[PDB]
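Take a look at the structure tokens below, where one protein chain is shown in two forms, each on its own, as structure 1 and structure 2.
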Structure 1
């Protein structure tokens, strides 16, 4: 089985799902507190901030998953998982901040982006490591060629 090579990625993934669920329930709770009934996603500022925090997190969640898995498979499982943990924690802080004030969402936002780009960089390096040698070899061989 290849379960062993991906269990941490799977665990972080599940943690991310749980965190998103948490955000969703928080939005339903703001819908009750500030009396906003579906459909319609406009209301008091505090509701709009909670709603909006949830929407942004939802929009970024697939980016996180894709890169987490690519980085974890092509670069290193543990590093990718760590960045994922930091990312998710950063996102929890983003949601809480935004819920209190637009400005307080900002620090954890930046933290979440650094973690996410790190995941990207690891994904990119891992892919580069996979493709670049064969390509260079093929290029040298074609030059060779001469002969």
Structure 2
């Protein structure tokens, strides 16, 4: 039961750890540019690192949501592998963005490709669990009993 989802839980935990890493980098920039809470503005370099962390934070719940839907309704290994590709592409996005706004783009598109792939696996998984049942009911003349609307 539990170990049917243990790989998804492991990829989730690795994402939490990546977020802690991004957070550690912003704490470091905060010393390196004397940025003092409660402020988020500062030199362009600090501003880039800080924006990279905010962006990764916005998308972290989206990644988790699709990872779990894809892993449960499609295939656990397929979703987990795709989750790892997304996480590694985000690490590179962060490191890229810290150096320059242009250098963030190649790993940003790689991560966008990986997240859309997870959205596609989630959609396919959901369709695989609804379309066959609807097909069976339609062929048996029992569709109204499955969905009156």
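Shifts are known only where both forms have a C-alpha. Only the largest set of C-alpha atoms that superpose within 1.5 Å between the two forms is called the rigid core. Positions refer to the first chain, counted from 1.
Only 139, out of 21, 11, 128, 139, shows a C-alpha shift of 2 Å or more between structure 1 and structure 2 on alignment of the rigid core.
With the core fitted, the CA of residue 69 sits 0.3 Å away from its counterpart between structure 1 and structure 2. Look at the core-aligned forms between structure 1 and structure 2 and you find a single run of 3 or more residues with C-alpha shifts of 2 angstroms or more, at 133-147.
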